[PDB]
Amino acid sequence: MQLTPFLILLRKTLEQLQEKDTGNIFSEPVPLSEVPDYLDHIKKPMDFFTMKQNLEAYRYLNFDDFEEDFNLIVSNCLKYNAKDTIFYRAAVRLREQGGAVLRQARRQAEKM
């Protein structure tokens, strides 16, 4: 498999995932200024801006490593926030809508 078409696919997939995050609540790292306790139990924060930087640093060389960091965005949010919050439900919705995006992208990758 060739590297450039694969990264082109990951770039498109990342854009499709960001489109599902309409509030842009996962676009950038969680502000530790407003959430000073966030690192107490979130051992690896993740967000789409960080994912873009990892992508361009050639840190995602297979679909699973890309998908793992997306799942981290979701799982961090479910962990930190109470179930009755907008944040928690936004993570549920992203898990649902992003899973469909990821399944189609992986089918495209496996054709390579």
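The term rigid core refers to the most C-alpha atoms you can superpose between the two forms while keeping them within 1.5 Å. From 1 onward, residues are counted along the sequence shown.
Rigid core superposition, C-alpha RMS per stretch in 8 other deposited structures of this protein: which comes out larger, 70-78 or 33-41?
Between 70-78 and 33-41, the one lying farther away in 8 other deposited structures of this protein is 33-41.
With reference to the PDB entry, specify whether the mean Cα temperature factor is higher for 19-27 or for 87-95.
Stretch with the greater average CA B-factor: 19-27.
Can you let me know which of the two, 75-83 or 50-58, has the higher average C-alpha B-factor in the entry?
Averaging CA B-factors over each stretch, the winner is 50-58.
Which third of the chain holds residue 106 when residues are ordered by C-alpha B factor: lowest, middle or highest?
Its C-alpha B-factor belongs to the lowest third of this chain's values.
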